[PDB]
Structures are given as C-alpha cells and as structure tokens.
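Numbering (PDB author numbering), first residue to last: 5 to 178. Cβ atoms here follow ideal geometry from the backbone N, Cα and C, with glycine treated the same way. Structure first, then comments.
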Ligand SMILES: O=C(N[C@H]1COC(=O)[C@@H](NC(=O)c2cccc(O)c2O)COC(=O)[C@@H](NC(=O)c2cccc(O)c2O)COC1=O)c1cccc(O)c1O
Ligand SMILES: [Fe+3]
Ligand code: NA
C-alpha cells in the first residue's frame, strides 16, 4: 500500500474566530479529496450528508448518513474540541481497532453556504488525510469547487484523488 504523504499542518489554514454553534446542522459532501480517495468511473461516489450537533459539553455528535446497498447506514462519532477553536480530536479513540490518532481542522466556512474541513487519521500506522468540501445545499458554485480543487492540489493530491459525489435524494434529505 502506497499513500501520498500527509501534508505538514502548516499548509492547512484554520478558520478564524470559529463559531461552533453556527457550524451545527446538516452538511452535504459535495466534494471529497484525499490520499485514500480514488475516482471510480464505473461506480461513481454517491453524495452523503454529515450532521453536526453541539452537546452541553461543547463536543459534537457527528452523524454521517450515506446510501449504500439499497439501505441507509448511520455512522456516528464524537469530535472533542482540540488545541484551538476549529480543531478537534476523535472521542473514544480506543474503540476503533488500529486507530492511534485523529485530527480535524475546519479550514474555512461561512456557516450558511459552504465549508472546507481537513481530516487526518493514523490507522494501522498508515497516515491518511482528506479534505471534504461541505455544502449547505447539494449544489455549489464552480468558483467554490475550483477553489476546493486548488487547495486539494496544494496538499499534493492529483486530479484522480479528487471526487465530486453525485447528488441523490435517498436519505440525505430530512
Ligand atoms: O480516507 C479516509 N478513510 C478511508 C479509509 O481509510 C481509513 O482511514 C480507515 N478508517 C479510519 O481510520 C477511521 C477510524 C475512525 C473514524 C474514522 O472516521 C475513520 O476514517 C479505514 O476505514 C474507513 O474509514 C472506511 N470509511 C468509512 O468508514 C467512512 C465512511 C463515510 C464517512 C467517513 O468519514 C468514513 O470514515 C473506508 O474508506 C475511507 O473513507 C479518511 C482519512 C482521514 C480521516 C478520515 O475520517 C477518513 O475517513
Ligand atoms: Fe472517516
Ligand atoms: Na470518506
């Protein structure tokens, strides 16, 4: 298994004055880029949603919902606030076989339309990283998508490591 190296954290900006309350709610994964992400023309990635909800202790309950095998899988996890506002770590890391590290960093967002979030996970000693282009609606402007392509490339990812999930109506609505 050969992976493109995770970028130095210096090359990943941080959203200034992060408003955790405003980042709550459903986001659509309109763009996906990473060293473990591949473009598949035979079976193109279907769009999925990720809901963020602040608890009393100000950690997130991050629930992903995707359409797979004719059903709807619910992938739940907790983001604990990290070193800075916008940065998070994965709660209950011990419950994931092999996972020794997990970082999340909100690169940029306007809270009501779009967001770019940088993730980085060390599982089985393999360093994985990804950037998701969150959209409040299923569609986003060409500028925002080209900006996401530009940023992904600045972290060493080529074109075939950047996919744009196709919009669907199954389960990501509601
Ligand atoms: O590129 C990343 N993974 C690869 C796979 O590589 C990994 O990092 C492994 N897995 C975790 O380490 C992980 C442990 C505990 C919690 C995790 O979220 C883990 O990812 C393998 O399993 C998976 O995560 C599987 N995928 C989901 O379950 C998923 C489905 C929908 C939505 C998802 O978010 C999913 O993870 C297989 O596909 C992947 O997405 C990747 C990198 C950096 C940060 C990531 O979060 C990545 O996911
Ligand atoms: Fe993941
Ligand atoms: Na993924």
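Looking at the strands, I want to know which residues DSSP matches up with residue i.
{"i": "residue 137", "result": "35, 120"}
{"i": "residue 144", "result": "According to DSSP, which records beta bridges pairwise, residue 144 is partnered with nothing at all."}
{"i": "residue 54", "result": "31, 68"}
{"i": "residue 125", "result": "106, 132"}
{"i": "residue 161", "result": "BP columns for residue 161 are empty, so no partner."}
{"i": "residue 85", "result": "92"}
Could you round the C-beta distance between residue i and residue j to whole angstroms and report it? I think they count as a contact, below 8 Å.
{"i": "residue 7", "j": "residue 130", "result": "6 Å"}
{"i": "residue 11", "j": "residue 111", "result": "So it is not a contact: roughly 12 Å between Cβ atoms."}
{"i": "residue 66", "j": "residue 81", "result": "5 Å"}
{"i": "residue 34", "j": "residue 142", "result": "7 Å"}
Which word fits residue i, buried or exposed, when buried means at least 16 other C-beta atoms lie within 10 angstroms of its C-beta?
{"i": "residue 91", "result": "buried"}
{"i": "residue 73", "result": "exposed"}
{"i": "residue 31", "result": "buried"}
{"i": "residue 101", "result": "exposed"}
{"i": "residue 178", "result": "exposed"}
{"i": "residue 104", "result": "exposed"}
{"i": "residue 162", "result": "exposed"}
{"i": "residue 137", "result": "buried"}
{"i": "residue 52", "result": "buried"}
request  = For ligand 2, list every residue whose C-beta falls under 7 Å from any of its heavy atoms, going in chain order.
outcome  = Per the Cβ criterion, the list is 123, 125.
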